[PDB]
Amino acid sequence: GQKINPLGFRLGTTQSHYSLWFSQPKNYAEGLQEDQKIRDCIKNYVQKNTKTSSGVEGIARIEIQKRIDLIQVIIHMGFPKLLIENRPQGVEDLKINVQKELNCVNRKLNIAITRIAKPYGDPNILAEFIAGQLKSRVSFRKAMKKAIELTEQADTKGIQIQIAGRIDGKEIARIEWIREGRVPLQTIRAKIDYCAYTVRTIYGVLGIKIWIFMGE
Amino acid sequence: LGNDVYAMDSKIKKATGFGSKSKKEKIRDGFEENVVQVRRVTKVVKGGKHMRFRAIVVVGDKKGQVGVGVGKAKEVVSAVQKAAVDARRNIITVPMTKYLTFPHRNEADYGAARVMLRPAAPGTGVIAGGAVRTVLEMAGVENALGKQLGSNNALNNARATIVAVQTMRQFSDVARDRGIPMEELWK
Amino acid sequence: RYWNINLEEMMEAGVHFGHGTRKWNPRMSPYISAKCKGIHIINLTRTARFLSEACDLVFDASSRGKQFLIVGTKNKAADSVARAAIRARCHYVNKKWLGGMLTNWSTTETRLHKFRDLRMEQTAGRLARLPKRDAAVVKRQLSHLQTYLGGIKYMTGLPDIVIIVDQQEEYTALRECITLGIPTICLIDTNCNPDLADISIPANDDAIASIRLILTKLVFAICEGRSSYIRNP
RNA sequence: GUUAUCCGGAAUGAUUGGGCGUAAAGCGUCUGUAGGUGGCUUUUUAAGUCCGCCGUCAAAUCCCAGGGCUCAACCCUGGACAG
RNA sequence: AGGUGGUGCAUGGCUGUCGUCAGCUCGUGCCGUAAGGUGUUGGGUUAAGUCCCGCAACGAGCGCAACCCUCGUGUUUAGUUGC
Ligand SMILES: [Mg+2]
Ligand SMILES: [Mg+2]
Ligand SMILES: [Mg+2]
Ligand SMILES: [Mg+2]
Ligand SMILES: [Mg+2]
Ligand SMILES: [Mg+2]
Ligand SMILES: [Mg+2]
Ligand SMILES: [Mg+2]
Ligand SMILES: [Mg+2]
Ligand SMILES: [Mg+2]
Ligand SMILES: [Mg+2]
Ligand SMILES: [Mg+2]
Ligand SMILES: [Mg+2]
Ligand SMILES: [Mg+2]
Ligand SMILES: [Mg+2]
Ligand SMILES: [Mg+2]
Ligand SMILES: [Mg+2]
Ligand SMILES: [Mg+2]
Ligand SMILES: [Mg+2]
Ligand SMILES: [Mg+2]
Ligand SMILES: [Mg+2]
Ligand SMILES: [Mg+2]
Ligand SMILES: [Mg+2]
Ligand SMILES: [Mg+2]
Ligand SMILES: [Mg+2]
Ligand SMILES: [Mg+2]
Ligand SMILES: [Mg+2]
Ligand SMILES: [Mg+2]
Ligand SMILES: [Mg+2]
Ligand SMILES: [Mg+2]
Ligand SMILES: [Mg+2]
Ligand SMILES: [Mg+2]
Ligand SMILES: [Mg+2]
């Protein structure tokens, strides 16, 4: 059967939004467009400037709040050792490009980076991690179990990991998954962090879904 | 009387959580596990085929201590492990002679597995078939003749071997039983 | 060391008789004695040697510092057991015995963890801040956990000496100790096989009096052994 | 390397070494002739049985101990368990 | 480059369906040579493997229910553009 993205299931309950602004219905389309353009840019930049210097860059999410004057981008990020340490700190080097994209009329932009303390208690990061290890042609069993380890030693109450595709380049696709601890998906009161990631291998695509349960 | 909360939290901290404490201790028990057989047995459900792995595994020290155990799981790894744990609680000792061999000739019976062991001269090594040979070898028996007659099931042959070498009487003990000095029976 | 037994007191408490001759295990024919009115009479000269070796091993075991369980689940023996254990300061099972108490320890002990949380809850008085469903539920948990964990609730770790009443009804106790490498010191009536116990004392089933006699001699041995282990460590 | 032949593995014709309630397999049931096996005690005999000694079972081969072709295969000397 | 060109039997995502049916399983133990079983069955009761008794099983997890929205009764507060 189909589940609901357990994100979207608690909305205005145990989960906030990401884009925090308001607009009159007409402008709403344009504004939406604008968010998309910068989320795209800021994803690209960091991808190319960190994977050139060979590291694992968690970009956990991007919150955008628009105020009439200044629009503010808050990057939740797991290891900004790759964005700060470089000489043109990501702050300025991005501030310039993003401010090129959206517009500079009546809008000036501010970037702020936040350190998400426990990187393995965030699904998105973890999934990118498994993505790396699988792109490296490690067997998926090992990958899964390492992830479970890292996470549970990183402070987590429950986790469910699911990997789907042609696993191990084998010709017939399948679905492998592991539940660990306790994952209520139906309890709305449960703080649930989900994420969806896609992987490009020699043998084609691989989906990863990760569920993580942080308590009630 | 000390308070209930701190003493029960003492038995709580001394019995450690299985979600915060990882597992590798087993080479501290001075043992080695050998996977004899891996099979995929199946339960069948309205959905389809529900696949499990059976593992037949034997443990020894190669020093004169051996046991068998059988386990079942979804993945090779977990089955293997349960197999190990089961064997470790089933384990026995094989009577050895100064040259590392059997006191005497013996047969054994389990199911349709029949097993024949007889001692060998030093320097002949262990000649046998799969179950019997891995069990023997893992016990540390250096020189033995063995043949399994009757069936071939890996598992029953393992068990059988164990029943064989369990009923092995060592001379000191037959001298103790009969109530006769060693030198008299030697003759 | 000596113990308190004579043919006269064993006669008094009524140990020497056992179940009808249609009910008997011939496995016990080696040490039975006579048969009267369709009721069996069991040897007391065997009973005394076994009761002495029982109290002696009980004494050595207490003095070295080993831990004791007692078991019987009958209606009368249950009332005698709470008091036997309290007088000897040991662990007991009187109420319904749960399969797996010994062999499956891990899960048993988690069940103890949550029982301890229930015991802190109840005395804290934080069960007054609940819905009525929550309080009656917490009280189900309590009722059971008292029946099952009451006599063992002190003991942490695996018990290495187990004492038992009437092995006929107690099959699982015997099985679990057979399995785990634990000695059983057990009461035999004319119907039960002398396989299942390490030291098996010819005894009486139906009599509260026989139970009282042999259990009191035994708990007296546990108590003097308790003074000797309070001395040696 | 492939094919043919034979023994093995094959306890798959089984003395050592299997089976016959349901897997191949107990005559439909008895009576009984040949044949096989058959209780206890003492004595006899000595056909089996056992132990010693002798004759023989050719030489070559196999087995043990030396020797000769530079080694080995091969040849030569001596001797013997089996049965 | 571009392909709404081939392969949904090479795939991810996404969705239907049996069915909003009450099921599906796992850990430790115990029974069985083993596949497996027990737990989950029995007596009651529920919209429900809901819940309670009993039972070599004791617990847990995903389901159910609940926490979420809207409509039903009241109270406090706020009064324009609505009264
Ligand atoms: Mg599904
Ligand atoms: Mg047979
Ligand atoms: Mg064979
Ligand atoms: Mg043949
Ligand atoms: Mg034959
Ligand atoms: Mg046959
Ligand atoms: Mg037929
Ligand atoms: Mg037939
Ligand atoms: Mg017939
Ligand atoms: Mg006919
Ligand atoms: Mg006839
Ligand atoms: Mg005749
Ligand atoms: Mg005759
Ligand atoms: Mg005769
Ligand atoms: Mg000749
Ligand atoms: Mg030679
Ligand atoms: Mg030479
Ligand atoms: Mg010659
Ligand atoms: Mg001859
Ligand atoms: Mg192209
Ligand atoms: Mg399809
Ligand atoms: Mg329904
Ligand atoms: Mg199980
Ligand atoms: Mg078993
Ligand atoms: Mg039940
Ligand atoms: Mg079911
Ligand atoms: Mg079942
Ligand atoms: Mg059943
Ligand atoms: Mg009913
Ligand atoms: Mg049952
Ligand atoms: Mg339920
Ligand atoms: Mg619901
Ligand atoms: Mg309203």
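All of this is worked out from the model, or read from it or from the source named; these are not laboratory values. Positions of Cβ are backbone-derived with ideal geometry, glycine not excepted, and every protein chain shown enters the neighbour counts.
Observations on the structure shown:
- Whichever residue in segment B:21-47 is among the hydrophobic types (A, V, I, L, M, F, W, C) and closer than 23 Å to B:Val59 by Cβ and, among such residues, is surrounded by the fewest Cβ atoms within 10 Å (Cβ to Cβ): B:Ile27
- Flag for C:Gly125 being under 30 Å from C:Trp3 (Cα atoms) and more than 14 Å from RNA strand E (Cβ to nearest atom): no
One line per residue, one yes/no per condition, for (1) touching a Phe, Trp or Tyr at 6+ places or on another chain (Cβ under 8 Å); (2) within 16 Å of ligand 3 (Cβ to nearest atom); (3) over 19 Å from C:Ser52 (Cβ atoms):
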{"site": "C:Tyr171", "(1), (2), (3)": "no, no, yes"}
{"site": "C:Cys186", "(1), (2), (3)": "no, no, no"}
{"site": "C:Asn191", "(1), (2), (3)": "yes, no, yes"}
{"site": "C:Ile199", "(1), (2), (3)": "yes, no, no"}
{"site": "C:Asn204", "(1), (2), (3)": "yes, no, no"}
{"site": "C:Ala209", "(1), (2), (3)": "no, no, yes"}
{"site": "C:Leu213", "(1), (2), (3)": "no, no, no"}
{"site": "C:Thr216", "(1), (2), (3)": "no, no, no"}
{"site": "C:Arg226", "(1), (2), (3)": "no, no, no"}
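- Exactly one residue out of A:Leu185, A:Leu109 is touching a residue at least 24 places away in the same chain (Cβ under 8 Å), outside any loop (DSSP other than H, G, I, E, B) and not basic (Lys, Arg): that is A:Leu109.
- Pairing residues of segment B:123-148 that are within 14 Å of another protein chain (Cβ to nearest Cβ) and in contact (Cβ under 8 Å) with a residue 24 or more places away in the chain with residues that are more than 16 Å from ligand 1 (Cβ to nearest atom) and of a type in the set (A, V, I, L, M), at Cβ distances under 9 Å and at least 6 apart in sequence or on separate chains, gives no pairs at all.
- Verdict on C:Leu51 being within 16 Å of C:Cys186 (Cβ to Cβ) and assigned by CATH to the domain that holds C:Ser227: yes
- Complete set of residues in segment A:138-159 that are closer than 18 Å to B:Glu75 by Cα and either aliphatic (A, V, I, L, M) or outside the structural domain of A:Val199 (by CATH) (or both): A:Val138, A:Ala143, A:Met144, A:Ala147, A:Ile148
- Search result, residues across segment C:197-217 that are out of contact with any strand residue (DSSP E or B) (no Cβ under 7 Å at 6 or more places or on another chain) and hydrophobic (A, V, I, L, M, F, W, C): C:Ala207, C:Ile208, C:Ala209, C:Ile211, C:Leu213, C:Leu215
- Among the residues of segment B:54-72, at least one is without any contact (Cβ under 8 Å) to a residue 24 or more places away in the chain and either touching a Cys at 6+ places or on another chain (Cβ under 8 Å) or buried (at least 18 other Cβ atoms within 10 Å of the Cβ) (or both).
- Close pairs (6 angstrom Cβ cut-off, 6 or more residues apart or separate chains): more than 14 Å from every other protein chain (Cβ to nearest Cβ) in segment A:1-27, within 9 Å of RNA strand E (Cβ to nearest atom) and part of a loop (DSSP other than H, G, I, E, B) anywhere: A:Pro6/A:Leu185; A:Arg10/A:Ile188; A:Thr13/A:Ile188
- For segment B:1-57, taking the residues that are assigned to a helix (DSSP H, G or I) and more than 14 Å from chain C (Cβ to nearest Cβ), the one that is farthest from B:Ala154 (Cα to Cα) is identified as B:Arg28.
- Filter result (surrounded by fewer than 20 Cβ atoms within 10 Å (Cβ to Cβ) and more than 14 Å from chain B (Cβ to nearest Cβ)) within segment A:132-167: A:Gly132, A:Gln133, A:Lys135, A:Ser136, A:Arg137, A:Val138, A:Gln160, A:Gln162, A:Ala164, A:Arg166
- Residue match in segment C:68-86 (condition: within 14 Å of chain B (Cβ to nearest Cβ), more than 16 Å from ligand 2 (Cβ to nearest atom) and either of a type outside the set (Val, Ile, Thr) or in contact with an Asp or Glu (Cβ under 8 Å, 6 or more places away or on another chain) (or both)): no
- Selection within segment B:115-169 - within 13 Å of RNA strand E (Cβ to nearest atom), basic (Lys, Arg) and outside any helix (DSSP H, G or I): none
- Candidates in segment B:60-81 are the residues that are in a strand (DSSP E or B) and more than 15 Å from B:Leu155 (Cα to Cα); of these, the one that is farthest from the other protein chains (Cβ to nearest Cβ) is B:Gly60.
- In segment A:195-216, the residues that are part of a loop (DSSP other than H, G, I, E, B), more than 14 Å from A:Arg137 (Cβ to Cβ) and not acidic (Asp, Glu): A:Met214, A:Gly215
- Among helices (runs of 4 or more DSSP H) entirely within segment A:1-96, having at least 2 residues that are touching a helix residue (DSSP H, G or I) at 6+ places or on another chain (Cβ under 8 Å) singles out A:25-52, A:81-84.
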